[PDB]
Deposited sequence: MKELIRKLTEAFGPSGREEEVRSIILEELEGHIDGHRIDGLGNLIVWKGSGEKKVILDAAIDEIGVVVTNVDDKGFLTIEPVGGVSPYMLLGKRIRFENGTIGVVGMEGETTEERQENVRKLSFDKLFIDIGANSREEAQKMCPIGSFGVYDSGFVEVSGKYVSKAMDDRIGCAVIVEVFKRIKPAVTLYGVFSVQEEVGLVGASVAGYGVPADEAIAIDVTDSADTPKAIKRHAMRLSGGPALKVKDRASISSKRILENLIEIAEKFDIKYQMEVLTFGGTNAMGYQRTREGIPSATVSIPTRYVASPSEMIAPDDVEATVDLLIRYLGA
C-alpha cells in the first residue's frame, strides 16, 4: 500500500492538470474494478460490484500549489496561491512544473533589515522563483503564464511515519484504491475523485467522504496512530446519523481503534465524513501514521462487504 502512497502523494496534480493522478489511480486499480468514467467537470467515477446499495467514496484529487501571474525582465516568476498555502512554507522550497522544470523560491529583500521586515507582513507579491533563464524570451517558453507548480518534496518514511506532500487527500485516494483492490463488494460501490472549485454523476444511497484532519499532537484532539477521525455533523439527516452509528457499531465490533472529531458539498443523499489525522497540513512534509490508514481500509472493507 506504500508503493501506492508514494505513487499518489508524489503524483503531480494541481487543479485542472491532474491527468497523471487519475492515471496512477487507474493502472493501480486495473484488475479490481468494473468500470469508470471521467465526468463533464473532471471528476472520475469508479464502480465495482453488483449490489442494491450504491455507496459513493469521494476523495479530492487535487493538491495545493501556485500559479504564475507575471514574467520578469530578467525572467523571474510572480506567483499567487492556489489552495490554502501560506507564503511561509515556500521560503527556500523548490518547486516542480508539469514539464519537469525545477524552480527555487526566494524573497525580494533589498537591505539586511528588509529581509527581517518583509516577513512579518509577507504576501506573494514579495516572492519570486528562479528557473535558470536570464531572459523573458528564454523564460516564457520554459513556463507560460498560468503555469502551476507543486512541492518538489517526495515521499519519505520517518521511523514508521509516512511523510510526504499532499497526504491531503491522496492518503484518502490511496485508501479508496486499496479498498477496491481488496474488497469483495456487498454493495454497488462507486469511488468518485473530485475537482474542488471556487474556494455526482451517479445516484447513490450513501456518500462517504475520505478526508484528512489536522493533528493536535503538535507541541503546545486528533492523534496519529489513534485511528481514523470520524466526523459528526451538527446538522444531518436521520440517515446520515444512522450511517455514523452503523460505522460505530462495526468499529466497536472488530476492536478497531478509531477517533471522533467535531469541527465547526453534502450530496443530499446521506453522507458521512471520515478523516485521517495528518500533521503539518499545507506543508511539504505532511505526516500520517500507516496503522491509521490500514485501519481505515479495514473498516471500509468490513462495512461495505468482505
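Visitor: Residue ranges with no C-alpha coordinates, please: along the deposited sequence, counted from 1, in order.
Guide: Residues missing from the model, as numbered along the full deposited sequence, span 200-208, 230-234, 279-289.
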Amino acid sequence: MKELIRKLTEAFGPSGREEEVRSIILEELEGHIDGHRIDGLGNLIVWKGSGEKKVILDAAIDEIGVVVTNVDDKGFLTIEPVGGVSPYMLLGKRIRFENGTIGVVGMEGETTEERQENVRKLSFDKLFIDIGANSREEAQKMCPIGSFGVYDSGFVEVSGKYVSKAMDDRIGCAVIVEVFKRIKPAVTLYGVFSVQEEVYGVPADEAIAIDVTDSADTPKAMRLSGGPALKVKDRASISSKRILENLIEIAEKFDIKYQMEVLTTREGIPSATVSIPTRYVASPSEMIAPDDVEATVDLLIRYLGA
From here on, numbers count along this sequence of modelled residues.
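Visitor: Please work out which of 139-147 and 178-186 has the higher mean CA B-factor as recorded in the PDB entry.
Guide: In the deposited entry, the stretch with the higher C-alpha B-factor mean is 139-147.
Visitor: Which is higher on mean Cα B factor in this entry, 33-41 or 62-70?
Guide: Comparing 62-70 with 33-41, the higher average CA B-factor belongs to 33-41.
Visitor: Highest CA temperature factor in the entry: which of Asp152, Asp214, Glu113, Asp211?
Guide: When the deposited C-alpha B-factors of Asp152, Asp214, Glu113, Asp211 are compared, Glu113 is largest.
Visitor: For the CA B factor values reported in this entry, which option in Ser237, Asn246, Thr264, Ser275 has the top one?
Guide: Of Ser237, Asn246, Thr264, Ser275, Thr264 has the highest C-alpha B-factor.
Visitor: Ranking the modelled residues of this chain by C-alpha B-factor as given in the entry, is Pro14 in the lowest, middle or highest third?
Guide: CA B-factor rank for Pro14: middle third.
Visitor: Lowest, middle or highest third: where is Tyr200 by Cα B-factor in its chain?
Guide: Tercile = highest for this residue's CA B-factor.
Visitor: Test of reading the entry: by CA B factor among the chain's modelled residues, which third contains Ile56?
Guide: It falls in the bottom third of the chain.
Visitor: Would you mind ranking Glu206 by its C-alpha B-factor against the rest of the chain and naming the third, lowest, middle or highest?
Guide: Within its chain, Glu206 is a lowest-third residue by C-alpha B-factor, going by the deposited values.
Visitor: Is the Cα B-factor recorded for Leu90 in the lowest, middle or highest third of its chain?
Guide: As the PDB entry reports it, the C-alpha B-factor of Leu90 lands in the lowest third of its chain.
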